[PDB]
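Presented below is the structure to which this report refers.
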Amino acid sequence: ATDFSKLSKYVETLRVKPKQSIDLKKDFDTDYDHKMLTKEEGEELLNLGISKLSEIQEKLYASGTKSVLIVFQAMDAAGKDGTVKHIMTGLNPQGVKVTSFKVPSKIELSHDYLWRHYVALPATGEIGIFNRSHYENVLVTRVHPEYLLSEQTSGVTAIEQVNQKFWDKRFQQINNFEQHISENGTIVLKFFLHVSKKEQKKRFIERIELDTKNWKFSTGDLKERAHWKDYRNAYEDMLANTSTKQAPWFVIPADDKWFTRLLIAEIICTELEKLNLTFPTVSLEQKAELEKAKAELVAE
Ligand SMILES: O=P(O)(O)C(Nc1cc(Cl)cc(Cl)c1)P(=O)(O)O
């Protein structure tokens, strides 16, 4: 009945189940038109979600036991960078690291495609946010197989060699990677921000018309949009083969940003709450030390 219980219920429908097939036009909304709360209420609940998340982070850091890896993927202008900024703003910098994986360096191209991601994994007690991730290697690379030609370790000397079997094998490799880290103390949560083609267009135009922001918009941004369908295919096949119970994907409607952020904060808090984190407790010995310390201070 409660608005929070409505949200909690709705959130469980966003998890990609391991056995399901994925049609992003039909099975998953870019916009939710049955919202259980107003924007204003959503904004106030998001702030609580960020505070709860900061509390969890501090308990995680003080514990130094599990690590947390949060992956974000999205089409351009879905609101991924803003979502990451908004979260980061409310967390302590000491225990939290954002890595944005760009075009690989020459050195990175001299290792397997997973190496730079493995290198950047979170240490125990830390939270690692991959803003773009290892998944780029079954997404941007799949839409533009020509990139595989610069990958010395990938074994591809001509794009005609690349077929469904090449992608199936990357999905297995990615799954093995995430299972391993999951079996060795890392909680893995993956978010695809799902924005409609129409809303992407409206965001592109809005930016182009802002004399304050339009220095940021290139011709290349259109080019990736012209591959909308190829990206959708790549995303579908990936979500259908790399969401496990242990490392789930969540598809988040991205067309209303406040709602996107709310949902992501909720899911992260919900999932991390299963860890039952608590702050350190003060033992009798420690209590005696405190009382002694305070006595000495007062005695000065
Ligand atoms: O990652 P975000 O989606 O937040 C991205 N926003 C954005 C906006 C426009 Cl109108 C065009 C393009 Cl190509 C991107 P950013 O500029 O915040 O990184």
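If you're wondering about the labels, chains in the structure tokens are A, B, ... by order shown, residues count from 1 in each chain, ligands from 1 in order shown.
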Secondary structure check, strand (DSSP E or B) residues of stretch 35-252 of chain A, as number ranges by chain: A: 67-74, 96-100, 127-131, 186-194, 249-252
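Within the 7 Å cut-off around stretch 183-196 of chain A, using only C-alpha atoms and omitting residues fewer than 5 positions from it on the same chain, the listed residues are residues 30, 66, 67, 68, 69, 70, 71, 72, 73, 74, 78, 80, 247, 248, 249, 250, 251, 252, 253, 254 and 255 of chain A.
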Neighbourhood of ligand 1 at 6 Å, counting only C-alpha atoms and all ligand atoms, reported as number ranges by chain: A: 76-82, 203-204, 206-207, 221
Would you mind exporting N, CA, C and O atoms of the selected residues as a compact mmCIF listing (two decimals), in the first residue's frame?
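The new file part_4.txt reads:
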# COMPACT_ATOMS: atom_id res chain seq x y z
N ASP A 76 24.48 7.20 -25.51
CA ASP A 76 24.79 8.61 -25.24
C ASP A 76 23.53 9.39 -24.88
O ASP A 76 22.45 9.19 -25.48
N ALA A 77 23.69 10.31 -23.93
CA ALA A 77 22.66 11.22 -23.46
C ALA A 77 21.59 10.53 -22.63
O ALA A 77 20.62 11.19 -22.29
N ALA A 78 21.78 9.26 -22.26
CA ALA A 78 20.82 8.58 -21.37
C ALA A 78 20.87 9.12 -19.94
O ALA A 78 19.94 8.92 -19.20
N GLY A 79 21.92 9.84 -19.58
CA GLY A 79 22.08 10.42 -18.25
C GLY A 79 23.05 9.66 -17.36
O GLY A 79 23.03 9.83 -16.14
N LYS A 80 23.90 8.82 -17.95
CA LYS A 80 24.84 8.01 -17.19
C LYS A 80 25.85 8.85 -16.39
O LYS A 80 26.02 8.62 -15.20
N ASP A 81 26.51 9.81 -17.04
CA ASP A 81 27.53 10.63 -16.38
C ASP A 81 26.96 11.47 -15.23
O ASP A 81 27.58 11.59 -14.16
N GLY A 82 25.75 12.00 -15.43
CA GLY A 82 25.05 12.72 -14.38
C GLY A 82 24.66 11.83 -13.22
O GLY A 82 24.77 12.26 -12.08
N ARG A 203 17.32 15.47 -26.18
CA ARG A 203 18.48 15.86 -25.39
C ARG A 203 19.60 16.41 -26.27
O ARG A 203 20.17 17.42 -25.93
N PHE A 204 19.86 15.78 -27.41
CA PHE A 204 20.86 16.23 -28.38
C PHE A 204 20.56 17.65 -28.85
O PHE A 204 21.43 18.50 -28.87
N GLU A 206 18.52 19.89 -27.42
CA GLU A 206 18.63 20.81 -26.29
C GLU A 206 20.07 21.24 -26.04
O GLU A 206 20.34 22.41 -25.87
N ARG A 207 21.00 20.30 -26.08
CA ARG A 207 22.41 20.65 -25.93
C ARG A 207 22.94 21.52 -27.08
O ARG A 207 23.66 22.49 -26.84
N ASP A 221 28.84 12.14 -32.32
CA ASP A 221 27.67 11.82 -31.50
C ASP A 221 26.46 11.41 -32.36
O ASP A 221 25.75 10.45 -32.05
10 Å contact set for residue A:87, only C-alpha atoms, chain neighbours under 3 positions out, as a ChimeraX atom specification: /A:46-47,49-51,53-54,82-84,90-91,261,264-265
Residue nearest residue A:281 - candidates A:148, A:62, A:295, A:114, atoms counted: only C-alpha atoms: A:62
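The closest residue to residue A:45, picked from A:160, A:170, A:3, A:278 and counting only C-alpha atoms, is A:3.
Checking A:144, A:245, A:102, A:198 one by one against residue A:132, counting only C-alpha atoms, you find the shortest gap at A:102.
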For residue A:44, the nearest of the candidates A:259, A:235, A:110, A:57, counting only C-alpha atoms: A:259
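Using only C-alpha atoms, the smallest distance between any of A:29, A:168, A:58, A:300 and residue A:260 comes from A:29.
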Who sits within 12 Å of residue A:107, only C-alpha atoms, same chain under 4 positions skipped, as a list in words: residues 103, 111, 112, 113, 115, 116, 150, 151, 152 and 153 of chain A
